[PDB]
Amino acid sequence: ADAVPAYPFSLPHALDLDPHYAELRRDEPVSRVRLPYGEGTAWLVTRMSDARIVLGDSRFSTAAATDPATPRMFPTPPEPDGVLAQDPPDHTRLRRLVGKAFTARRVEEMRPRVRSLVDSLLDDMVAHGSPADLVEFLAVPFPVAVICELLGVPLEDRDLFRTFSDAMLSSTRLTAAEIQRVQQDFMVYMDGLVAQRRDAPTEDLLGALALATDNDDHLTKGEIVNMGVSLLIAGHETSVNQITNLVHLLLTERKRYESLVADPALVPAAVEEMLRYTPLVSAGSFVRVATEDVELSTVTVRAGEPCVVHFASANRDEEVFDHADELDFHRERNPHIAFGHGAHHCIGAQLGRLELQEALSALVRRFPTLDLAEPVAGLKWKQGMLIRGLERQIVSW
């Protein structure tokens, strides 16, 4: 069965959805693909109802996907101690190590700190004058500062952990051996920061991770340190890219930006809609393997068959969202899965929402004249990574 198409279906263009995803949702919503690594074939799931089953059911296992022969989107076999590769109830125990810092209530308590950080960084951009690179002054330093303060990672390590993090998000830019090397380096660095808390615990998540290493009974050192790596990767890589992505959607059809200048209270709802609209995950997902037969819309997936979701395709499902292909800030309902679903639903969802809200609210309030000040055709979209975003975004005002 080398008659099954390669997935991804193409090198990506900006934030475009391959038009094949809409054809798949209409006519073949569950279809066999060959992923770029591991062996064999995977079902690609393109509709919302099927995505909620694959993401939401104990009969689908991520643990089972750690087999190096399992199809996957990324060069290195999955790390078995990785939070994504855990199944409940062990996954539930692992998430509770840190989950209290990420509840909507605790995240809301960060809004003051977070708005202060944004204000200061836009002051520096103003000091530099127009035009300036929004990536340099906002999209990079803002989420990096927030995740360093929440975990207790020194800000001086920015260049070191951003390099490791970009490598671990490789799709084609690096080989398995280059990434496996970075994984070991990152594991050894994070293990070292957590060890610093041996006779010196801190009031931060690394503090919590170091106590769990000392006192905790069901979780390995590996699982615990790896959680530190996942949070430090996700905690900046998502938001840094999503700020560039959402600003890109706002300035390339400037009525969108103008609608938020007019009404900055629209910003929370605009952030939800642009989370729906944006393929932050360039293609596919961490894989789920059926442990029993499971009925999806058009097929029964057999025990042992792997499945992969395209989150941004589920987020264009025309049986769930009216005019799904259109950016609409006035949707009454937006049941998107930009943050996933089921056990592995994004732990940082509330922190992402907060950072995007405060970054956009500030821009829309203080920079009514904001425009893209480099050509669209020349935009430096990140190539060869599992996520999408801009290396640079020169803006004027």
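We number the residues from 1 along the sequence you see. In this text, rigid core is short for the largest set of C-alphas that superpose within 1.5 Å between two forms.
request  = Between 217-225 and 143-151, pick out the one whose C-alpha positions differ more from the shown form in 7 other deposited structures of this protein, using the rigid core for superposition.
outcome  = It is 217-225 whose C-alphas lie farther from the shown form in 7 other deposited structures of this protein.
(message) Which of the two stretches, 226-234 versus 246-254, has its Cα atoms farther on average from this form in 7 other deposited structures of this protein when everything is superposed by the rigid core?
(response) More C-alpha displacement in 7 other deposited structures of this protein shows up in 226-234.
Quick check on the record: does 236-244 or 119-127 carry the larger mean Cα temperature factor? Looking at the recorded C-alpha B-factors, 119-127 comes out higher on average.
Check the entry's C-alpha temperature factors for 89-97 and 191-199, then say which stretch has the higher mean. It is 191-199 that shows the higher mean C-alpha B-factor.
Using the entry's values, work out which of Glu326, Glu272, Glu295, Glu305 has the largest Cα B factor. Within the set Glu326, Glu272, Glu295, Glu305, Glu326 shows the top C-alpha B-factor.
- Peak C-alpha temperature factor (PDB record), options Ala63, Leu370, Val54, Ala349: Comparing C-alpha B-factors across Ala63, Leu370, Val54, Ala349, the maximum falls on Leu370.
Q.
Looking at the temperature factor on the CA atom of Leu280, which third of the chain's modelled residues does it land in?
A. According to the entry, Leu280 has a C-alpha B-factor in the chain's lowest third.
task = Determine, from the deposited record, the chain-internal third of the Cα B-factor for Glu136: lowest, middle or highest.
result = Ranked within chain, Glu136 CA B lands in the middle tercile.
inquiry  = When the deposited Cα B-factors of this chain's modelled residues are ordered and cut into thirds, is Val30 in the lowest, the middle or the highest one?
reply    = Its C-alpha B-factor, which the entry lists for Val30, ranks in the lowest third among residues of this chain.
Test of reading the entry: by CA B factor among the chain's modelled residues, which third contains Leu24?
Its C-alpha B-factor belongs to the middle third of this chain's values.
- request: Within this chain's modelled residues, let me know which third the CA B factor of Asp50 belongs to: lowest, middle or highest.
  value: Lowest third of the chain for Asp50's C-alpha B-factor.
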